[PDB]
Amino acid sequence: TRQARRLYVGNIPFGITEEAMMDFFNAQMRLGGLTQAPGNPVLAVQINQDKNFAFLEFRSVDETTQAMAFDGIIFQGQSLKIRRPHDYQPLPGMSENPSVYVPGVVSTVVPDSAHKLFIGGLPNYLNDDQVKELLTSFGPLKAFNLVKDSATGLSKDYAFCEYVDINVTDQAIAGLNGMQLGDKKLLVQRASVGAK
């Protein structure tokens, strides 16, 4: 069951320790009401600092599945990218999708879709949390990801998002498209317009 008891966590804060990450996830699991017993659901964390990802190992298949609901949670300003291991395949009797919804957690999986938005020209000093806040001002988000350099972790100055209410899409465009900030000017438009 081990492949079904581990998760990839990407975009982790620079310099974070394995025990700091374990404490964070154990606390979040209990605060969200996802822990299915006394004691810690997360048994171990293994971090690769050079490449900036971690793998979490859980005591339970079901608690592993519930933890998928934390995808996008902000940790020291960064959107944690929670994913299955690539060699995971659902088991018999187990369900692969989370039973729960953690309030305020915004998924990082933003599928191409009608009202998926592109936001370009962002100031380079804004982190995942601040950019998400910029967009949440117009309405609650269904999904969001700020694109970062895979080696340095620095922002690439563009993001994608999807609002819960499809009608907020045009309000966010009207509020943000063409806004000038120094050298740069925001481009905010449905991502299909400028995609390849």
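A residue's number is simply how far along the shown sequence it sits, counting from 1.
Report task. Going by the average Cα B-factor in the PDB entry, point out whether 13-21 or 179-187 comes out higher. Result -> Looking at the recorded C-alpha B-factors, 179-187 comes out higher on average.
Query - 23-31 versus 139-147 - greater average Cα B-factor per the deposited record - result: Looking at the recorded C-alpha B-factors, 23-31 comes out higher on average.
Query raised in the report: Reading the B-factor column of the entry, which of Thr169, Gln130, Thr64, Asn48 has the highest value at its C-alpha atom?
Result: Result of the comparison over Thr169, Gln130, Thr64, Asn48: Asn48.
**Report entry** Most elevated Cα B-factor in the entry, residues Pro85, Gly120, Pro123, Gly72
**Finding:** Top of the list by C-alpha B-factor: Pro123.
Report task. Ordered by C-alpha B-factor within the chain, which third holds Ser113? Give me lowest, middle or highest, please. Result -> Tercile = lowest for this residue's CA B-factor.
Query raised in the report: Sorting the chain's CA B-factors, does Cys161 end up in the lowest, middle or highest third?
Result: Its C-alpha B-factor belongs to the lowest third of this chain's values.
Query raised in the report: If you rank every modelled residue in this chain by C-alpha B factor, which third holds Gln78: lowest, middle or highest?
Result: Ranked within chain, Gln78 CA B lands in the middle tercile.
Report task. Determine, from the deposited record, the chain-internal third of the Cα B-factor for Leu56: lowest, middle or highest. Result -> For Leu56, the deposited C-alpha B-factor lands in the middle third.
**Report entry** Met68, C-alpha B-factor rank within chain (lowest, middle or highest third)
**Finding:** Within its chain, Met68 is a lowest-third residue by C-alpha B-factor, going by the deposited values.
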